[PDB]
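S.K.: would you be able to build a 3D model of this:
(6 chains, ligands or ions: 4)
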Amino acid sequence: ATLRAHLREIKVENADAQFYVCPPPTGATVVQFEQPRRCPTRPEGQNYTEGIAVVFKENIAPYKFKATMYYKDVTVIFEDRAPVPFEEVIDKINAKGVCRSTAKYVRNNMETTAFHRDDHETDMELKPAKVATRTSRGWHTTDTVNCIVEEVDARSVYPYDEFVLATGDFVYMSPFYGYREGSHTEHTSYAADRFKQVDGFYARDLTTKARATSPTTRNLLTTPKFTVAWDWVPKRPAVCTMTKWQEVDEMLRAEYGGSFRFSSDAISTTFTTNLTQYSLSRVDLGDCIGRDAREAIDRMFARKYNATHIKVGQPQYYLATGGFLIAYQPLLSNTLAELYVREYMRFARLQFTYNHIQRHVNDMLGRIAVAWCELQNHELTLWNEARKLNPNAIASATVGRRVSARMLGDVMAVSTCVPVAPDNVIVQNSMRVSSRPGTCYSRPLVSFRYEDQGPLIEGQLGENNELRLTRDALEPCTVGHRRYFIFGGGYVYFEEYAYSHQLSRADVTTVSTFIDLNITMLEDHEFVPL
Amino acid sequence: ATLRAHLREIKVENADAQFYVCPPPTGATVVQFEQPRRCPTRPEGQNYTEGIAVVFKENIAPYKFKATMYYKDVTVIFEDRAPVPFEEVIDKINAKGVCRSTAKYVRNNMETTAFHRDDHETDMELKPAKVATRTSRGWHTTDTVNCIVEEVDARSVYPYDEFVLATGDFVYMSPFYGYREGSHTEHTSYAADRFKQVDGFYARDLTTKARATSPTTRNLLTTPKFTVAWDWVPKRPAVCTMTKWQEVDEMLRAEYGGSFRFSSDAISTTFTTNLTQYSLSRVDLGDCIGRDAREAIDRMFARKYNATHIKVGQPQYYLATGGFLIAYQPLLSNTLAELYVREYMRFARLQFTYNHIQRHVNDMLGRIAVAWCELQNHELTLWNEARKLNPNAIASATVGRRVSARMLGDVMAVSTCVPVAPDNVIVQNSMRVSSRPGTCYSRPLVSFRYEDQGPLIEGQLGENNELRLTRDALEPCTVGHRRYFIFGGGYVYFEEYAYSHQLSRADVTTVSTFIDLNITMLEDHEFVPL
Amino acid sequence: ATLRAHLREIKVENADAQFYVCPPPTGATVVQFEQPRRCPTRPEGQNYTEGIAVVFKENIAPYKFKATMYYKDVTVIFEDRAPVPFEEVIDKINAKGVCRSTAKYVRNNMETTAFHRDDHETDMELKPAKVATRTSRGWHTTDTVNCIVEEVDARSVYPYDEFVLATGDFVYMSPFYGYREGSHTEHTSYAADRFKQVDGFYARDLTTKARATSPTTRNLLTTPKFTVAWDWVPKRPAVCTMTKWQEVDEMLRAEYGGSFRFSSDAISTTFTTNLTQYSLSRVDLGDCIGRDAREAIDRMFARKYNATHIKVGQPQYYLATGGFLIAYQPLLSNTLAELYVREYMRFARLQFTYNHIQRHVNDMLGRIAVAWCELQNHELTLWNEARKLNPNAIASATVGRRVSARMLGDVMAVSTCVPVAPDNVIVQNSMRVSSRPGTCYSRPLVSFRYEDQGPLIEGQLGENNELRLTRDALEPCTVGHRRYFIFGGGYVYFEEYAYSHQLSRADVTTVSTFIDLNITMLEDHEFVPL
Amino acid sequence: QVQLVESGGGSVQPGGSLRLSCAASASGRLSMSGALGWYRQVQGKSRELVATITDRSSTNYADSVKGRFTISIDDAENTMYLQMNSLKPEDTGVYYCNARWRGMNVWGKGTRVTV
Amino acid sequence: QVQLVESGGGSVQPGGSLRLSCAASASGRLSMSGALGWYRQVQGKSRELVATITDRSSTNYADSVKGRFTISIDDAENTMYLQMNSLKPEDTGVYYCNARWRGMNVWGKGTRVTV
Amino acid sequence: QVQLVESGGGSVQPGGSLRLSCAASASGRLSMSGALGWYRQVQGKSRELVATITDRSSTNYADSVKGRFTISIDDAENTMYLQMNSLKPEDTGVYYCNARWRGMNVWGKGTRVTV
Ligand SMILES: *[C@@H]1O[C@H](CO)[C@@H](O[C@@H]2O[C@H](CO)[C@@H](O)[C@H](O)[C@H]2NC(C)=O)[C@H](O)[C@H]1NC(C)=O
Ligand SMILES: *[C@@H]1O[C@H](CO)[C@@H](O[C@@H]2O[C@H](CO)[C@@H](O)[C@H](O)[C@H]2NC(C)=O)[C@H](O)[C@H]1NC(C)=O
Ligand SMILES: *[C@@H]1O[C@H](CO)[C@@H](O[C@@H]2O[C@H](CO)[C@@H](O)[C@H](O)[C@H]2NC(C)=O)[C@H](O)[C@H]1NC(C)=O
Ligand SMILES: *[C@@H]1O[C@H](CO)[C@@H](O[C@@H]2O[C@H](CO)[C@@H](O)[C@H](O)[C@H]2NC(C)=O)[C@H](O)[C@H]1NC(C)=O
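M.R.: Numbers count the residues shown, from 1 in each chain, chains lettered A, B, ... in the order given. Ligands and ions are numbered 1, 2, ... in the order given. Sharing the structure here:
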């Protein structure tokens, strides 16, 4: 008896599940994935050997910062977009928190000036946007003409000649450019008339109206669609040219077609390189690469190989197709080392000289190399098909964290997504479209807020706790509708397009064997409602 | 020469393949599945250990029984449904196998009496349904007003306060309720006027017209859409509160965030629990759980660990999230035990005391735990996407037997499929739609019978020997059509929407390597028919 | 510093990737795949054992050759097709490379004669086809009545009674049939008036107009849709009835239901056979099967089992369902042999005698056999579902080479793909449909040539370097279009349906872990263009 | 999880009137419940059925209560009420609200009524 | 698997008539067969072509039989017939029906005809 | 990979005129470039901006060049041109063409101009 009371009480404990607002990616960050390849046959390759490897790639040293965009929307009917001039940004937006009702635009190649409801030039205060996230803040004058101001993420990568905005647009000027001595030599594609730098600038929040306590240097630039501004800072000091990307526990090397070919079970890729080592020591002044390669190789050897294998010699270095560098240390198993010892009684130099020993090894290791290659093609084929069906799930599973993703052709675009606490989400009582009697929503409508005191935002329940801003998933209202949707650890049950109750995850049967089901399943018999 | 004669002769031996009628699930049985989770990083977790585990879950002891539904269909044009009163069930249906032509219904909130073809009240005989399965047998008076009687499966689970019908409808009354001394205390939500119990009831089959040789107690209940009746029997005696769900061959336990986290390669669920054991012996009177936990742990240890590991101590017990209880016995491998021996000379209590030994173990086992977690997320991601494309195949593969399945939102509904012998199936000579010349059926039309002398039922050939009752898969007729469909341990070939012949599975080429195909494939050349 | 110059230099060294023209399969070659099965549970089966196996199948000895088809297209409006008579093939096509403007056909069961543009009977010369590949050459008179000549692949398999053309059509006559002494006894379904054999025939190439330097014997046949011709050659000498299909590294055998059941991890098919061995030596005169079975079993034993297992006895032979023969050699592990030795101290004959030893083995091996089944079913369910989404990728991955595939019902049709060098492909500057302003192509338009001086064929870019000949993939034009398509070892970027540039595969970010992305990803923010 | 907060109990002389109420948390919508109702305990008996709504439009009452009491619901407030008119001394006891959705069941902490 | 049930053989004097039939199991539809027909064996030779339907609409006959015999099929009965007239002593032998569908081939147990 | 084939350099006396050109390989379409232009080097300085097209329809010029030079492109020839009029001794230096597409950057081998 009593045990059921304890179980009933424990069944109240819900998982720490949360909702996520995953906005659509703009293409500011795209990532590739591997394609299945023509796998080689076992007779191919020579001089097979096993060893430890450490793969490095070009260190691009990303520099993330925040930029503010300012622009005017114009509708006259005839839709247009225009940048805010520096004088309006400094003397009205930053100084007072207002924009001019006037907006210059172009129609039939001639300049024209628009106004709010054809009224005279007047100052208008900006109000924070309703749907905007706590991080990606924004403000606007309305809700004709409308003044808009938005704070967005920006990224620049080595050599820092350009930066990309969270909107997917590029700016062909260095984030470090400026009139300051060490900065007037940085890259810029724009005429001097399109750029302005303000020393001793003091910001003013469009929300709290609080003016900044300390001065900064602000850069401003006029693009034909909007003006961009960001806080200038001196360039970051230099760093190592390559970064340690992967530490492989085991890696087979073989000569094939006059080039080395590297492969392992873990790494889905295979590296092709020349038979000549790269002269790393001449360029790696200070041992950025040497120190890490030696440390990682010894650590991996100690962790496993120490009791069963022997090192052939000192680590080697090779450059492969793409941006990669491979540090490598070939190994010999104790059982194989004994063969070289006995054949010597008739030491790196011996390895590929004993044709009778190597003939066995070429087949013995070739067996493994081909097995891994055929298996990786099978996994890639399945994973690449699933990626097209649900890029959000495959991207999140690949990365190990929730991310938003789009398929953007043959390359995947990705973005971070915002978590929302489960107590800030409310589910609406009906799934029917009030204005279109024959149509119903396919998934539940919801109302939520990013923060405990924020305004309620209308959305729709996506898959696996995702919250969508667009109430656009629709269906014809078919009869006999019953559905269970995932909602904050538990489920939410809808019957005939009407909300009824919430279930805990323990209220639904979990399957494992036919024995579990033979005692529960029934021969279902449809009732065909009128 | 002669070998081909033997091969040709053996090629006649077809497999023991069968057809299956998979009716659509009604939602009377729904099952959940795992969702990929946040995989922890190797630096997390402490006090890692390996051990044997036995997982138990709450025993709901399902009680399956047979119930009969009685109702009247009314069409006046204006469609309605009504229950058959007890007097009609006892005095006409069971007594004589007939229903009244009359039926009470409600229109515009007023009671009205319908009549079959506007004729006077008269008795109508019940005739067996054409399409009904041997198990879900049923009868009706026609083929206005129509009397219907159907025998369906019903299920009740602990505490047995309600039951669900194969139609997906619930009945808020205990199957054990009745006027008897030990039964009038059971649960019921309905007024006394809606229930009737008949002692000394003698059933009469609506088919054979034979009256039963022994008396029974029959319960009858009037729901606003049908009356339900079932044979009453005294409540089943009590059973153990938990059932042994899983025997886990190897289970890693680790402390993380002030809670134990369990994981294995096989069990896709990572159980979470408090650091304190449960007082099982205080509630497990008669050792329902203890006896099985001890027996299983010893059996699994003897089967493998017997010669390579040492038991730390007596089995422990922990209650986890959801309805689970975990019995656990931590182990130490012989090689690890020696490390504790050599440090002690300077027993269970020692395990987490030698910091330098545990630091090595935390990394060693942490490596494995993270590897399993990342692997399981990859498998779940692929399996969950495939489930949406073909729930019948994935439910059947998960269960290990043919089942009918439907996606019902974010939870899968399931039911049993009815097997049909291959000699009882016939394929129709054409797949063109006679009444709609521009359209053709997507898959072959068929005729079959569940039993060797039963009437022929018209249907359509589904995927992998499934037989569908609705001829609804359609396409526009296109020139150059050629198709091979799976049909009873072989194939059936259709050309230009017409049936031609049957093939054995041996008449088609099986692929294994490119060598098999390089000698067979051609550079196909399209002939573009007129 | 300098290291980046080396990476920048190496980043230009893209892989040796190629394009492929994959024509649609006609069904001349169809292949099957495995289907999931309800395998037995661990308590089932008796006399479990492990051994080496070599699987053979019926040697069908495919005979591939080249055939030429000749026919007349007629349009009068009223479309028709007719064969060219032998006199026109010999006296005009082979003699001069010309056809008669006239063509006999049948309308309303009456013979009728068509003429090119209603002009008088005149000779018309054959021009090589524009779109045809170097392999399957073709020629035609026009671009009404049009004379066509095409060279296609043909295949015949034992007993060589028929042959199939690359068009998917069969010819019910033996490729070896002829008036010659040993040939007039071969199979033929056609009347003598429909076949003609020409000894001392000298071919004349339709392109180079060069007459052959040596005589040949040419067969000609008149089918109601076209005439076919091929070079006659005497029948190939006989070969042995079976071919070695698989060398199974490890195979379990169990007795179940009065029949043996074989299984392994690699071979997804589980063979079924009688308990009695086959009398192979009576039929395999010359040991074609015997020699290979003995040689392969010894190879596999020496390669692995040599030091750990003992051979029970001489190889055994069994015939299974389908066209298979299994050679098998049971083994006993050294550790298992000791049980039989110690039980004797109180040799093939002992294996199934010690009930207590076999009771342990039946469970110990049954554990493995069931695990392999469940795993194989899970893989088949996923692979078979992916096959429907992309048959080209699944066929190519299964075979290990690029192939064109089509689903053709429940059996996949396959064909070879034609490789095209990357320098012979050009991408068009725009992907908008000029004639339909609201519509755009979904993938880029291209122009290419099979050979360096051939005419330019217009097509569309398919997936993964595939080139399609039909510009049929369309979409409604949408604002904010951005796409990256795979194109010859790199990518090609399109913006607003217009081509912009090509990228090296190294210019796109490669995903690995969340740490690699957290430093790069941004909270993307849509800009919603006007 | 669903919570049923019950209120409206007390004491009145014979012939008086009362109104019990049972409000539910957002996690369980009463208007969609398969069976809603009030059950009474008496010193010498198990839970008696007092009044229920066994289908979204049906109703049930005890023989000894029919005509005096009335059950109703409010979908906006997510609350159900039991209007009790002309009470008798026999109506004394502990009343418990119950609501159940497709196998999930919930009980309120019973309120006392005395006459 | 497909089976051909052959019948109509026997003995008939010179100048007489006879009719052979070959009925097929449901697993092989003669109307869709790629090539159907009758083949004759005689003491001194292999299987001679007698009469066939080498495409769903094209008949073929031996020179010594042309205009004397006739081949036909019935899609409802899934059976084919060989009508023989003006029989000669030379027509004596064992007749075998054959039907083949896209690489799958089948032969009937030959019936004797004697004149 | 993209390649810029630069041409049109040389020498002329003050008041003369030149026309520099930069043709690109098919792998990079200049009319779709995010930023195109010419940069000048002199003995005492780094690359100075001379003239660019920083969006598919927007131009930029150095202050000492505005109204004197002109930049334009040809989408059919996949080539850009810098028309230089009224040359002065100060215009002497090494001119370099540059084109960049969404993070992919390319520079031409600079041509000399002297007055
Ligand atoms: C395998 O590696 C060995 C070196 O370890 C290669 O042997 C060398 O080959 C060159 C060219 O013939 C000779 O000049 C050297 O004297 C050889 N060195 C030794 C130590 O023997 C060999 O070529 C490699 N295998 C293949 C297939 O190239
Ligand atoms: C790992 O397990 C050990 C016990 O086996 C934990 O050590 C105990 O910790 C408490 C609280 O600090 C002390 O009062 C006990 O004296 C300790 N017992 C022993 C035998 O040392 C330890 O806390 C666990 N690890 C973590 C991270 O909590
Ligand atoms: C069958 O596959 C083999 C490879 O397994 C192909 O072999 C090539 O054949 C050509 C022509 O005789 C040779 O020039 C090559 O050297 C062969 N390559 C190898 C690796 O041996 C063959 O092309 C295929 N068959 C056909 C008809 O193409
Ligand atoms: C397991 O295999 C053994 C043979 O290896 C089977 O035992 C034989 O059974 C027949 C029939 O009763 C006897 O005539 C033989 O004398 C037995 N041989 C030996 C060596 O004992 C046994 O039947 C098999 N088990 C099953 C379930 O079929």
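
S.K.: surely residue A:48 is in a strand?
M.R.: Yes. Assessed with DSSP: H, G, I helix; E, B strand; the rest coil, residue A:48 lies in a strand.

S.K.: next, count neighbours for it.
M.R.: Using other C-beta atoms under 10 Å in any protein chain shown, the number of residues around residue A:48 comes to 21. (Each C-beta comes from the backbone N, C-alpha and C, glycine too.)

S.K.: and the residue sitting nearest the centre point of chain D, helix, strand or coil?
M.R.: The residue lying closest to the centre of chain D (C-alpha atoms, centre = their mean) is residue D:38, at 2.8 Å. On the three-state scheme (three-state DSSP), residue D:38 is labelled strand.

S.K.: surely it and residue D:93 touch.
M.R.: No. Here residue D:38 lies out of contact with residue D:93, judged by C-beta atoms under 8 Å, at a distance of 10.8 Å.

S.K.: show the subsequent helix or strand relative to the longest strand belonging to chain A.
M.R.: What stands out as the longest strand in chain A, according to DSSP state E, is strand A:242-256. Downstream of strand A:242-256, the next assigned helix or strand under DSSP states H and E is strand A:259-263.

S.K.: the longest strand of chain A near chain C at all?
M.R.: Yes. Using C-beta under 8 Å from any C-beta of the partner chain, strand A:242-256 reaches chain C at A:242, A:245-246.

S.K.: and stretch A:224-234, by the same measure?
M.R.: No. Using C-beta under 8 Å from any C-beta, stretch A:224-234 never reaches chain C; the gap is at least 8.9 Å.

S.K.: show me the contact partners of that stretch.
M.R.: A:65-71, A:81-86, A:89, A:154, A:165, A:171, A:175-176, A:178, A:180, A:182-183, A:197, A:216-221, F:55, F:57-58 (C-beta atoms under 8 Å, 6 or more residues apart in numbering or on different chains).

S.K.: repeat that for stretch D:8-15.
M.R.: D:18-21, D:81, D:86-89, D:95, D:111-115.

S.K.: close to chain B: what parts of chain D are there?
M.R.: D:34-35, D:37, D:46, D:49, D:52, D:54-55, D:57-58, D:60-63, D:100, D:102-103, D:105.

S.K.: can we see that at 6 Å?
M.R.: D:34-35, D:46, D:52, D:54-55, D:58, D:60, D:102 (C-beta under 6 Å from any C-beta of the partner chain).

S.K.: now the buried members of those.
M.R.: D:34-35, D:52, D:54-55, D:58, D:60, D:102 (16 or more other C-beta atoms under 10 Å in any protein chain shown).

S.K.: among these, which one sits closest to residue C:318?
M.R.: Taking C-beta to C-beta as the measure, residue C:318 lies nearest residue D:102 of these, at 55.6 Å.

S.K.: would you mark the buried spots in the helix or strand containing residue A:342?
M.R.: Assigned by DSSP H and E, residue A:342 belongs to helix A:334-344. For helix A:334-344, burial by neighbour count (16+ other C-beta under 10 Å) applies to A:336-337, A:339-340.

S.K.: quick check: nearest residue in space to residue 53, chain neighbours excluded?
M.R.: Here I'm looking at chain A. residue A:251 (4.1 Å; C-beta to C-beta, 6 or more residues apart in numbering or on different chains).

S.K.: let's do chain D instead
M.R.: Nearest one to residue D:53, counting by C-beta to C-beta, 6+ apart, is residue D:36 at 4.7 Å.

S.K.: what about the one you found, how many residues close to it?
M.R.: Residue D:36, neighbours per other C-beta under 10 Å, totals 24.

S.K.: can you check residue D:14 too?
M.R.: Residue D:14: 11 neighbours (other C-beta under 10 Å).

S.K.: the one 5 residues further on now?
M.R.: Residue D:19 is surrounded by 12 other residues when neighbours are defined as other C-beta under 10 Å.

S.K.: for residue D:113, see how far away it is.
M.R.: 11 Å (C-beta to C-beta, to the nearest Å).

S.K.: pull out the buried residues from stretch A:296-316.
M.R.: Those would be A:296-297, A:300-301, A:305, A:309, A:311-312, A:315-316, for stretch A:296-316 by 16+ other C-beta under 10 Å.

S.K.: distance between the host helix or strand of residue A:414 and the chain's centre?
M.R.: Element membership of residue A:414, judged by DSSP H and E, is strand A:412-416. On the basis of C-alpha atoms, centre = their mean, to the nearest Å, strand A:412-416 sits 4 Å off its chain's mean C-alpha point.

S.K.: which element follows it toward the C-terminus?
M.R.: Counting by DSSP H and E, what follows strand A:412-416 is strand A:418-420.

S.K.: next one: the helix or strand just after that following strand, is it in contact with chain B?
M.R.: With elements assigned by DSSP H and E, the helix or strand that comes after strand A:418-420 is strand A:425-427. No. Using C-beta under 6 Å from any C-beta, strand A:425-427 never reaches chain B; the gap is at least 13.6 Å.

S.K.: contact partners of the helix or strand just after strand A:425-427?
M.R.: Counting by DSSP H and E, the next helix or strand C-terminal to strand A:425-427 is strand A:439-441. Applying C-beta atoms under 6 Å, 6 or more residues apart in numbering or on different chains, the contact partners of strand A:439-441 are A:431-433, A:474-475, A:477, A:497.

S.K.: ok, stretch A:318-338 next?
M.R.: A:49-58, A:242, A:271-273, A:278, A:293, A:297, A:308-310, A:312, A:315-317, C:7, C:10, C:13, C:506.

S.K.: filter the residues you listed down to the ones in strands?
M.R.: Short answer: these in strands (DSSP E) are A:49-58, A:242, A:271-273, A:309-310, A:316-317.
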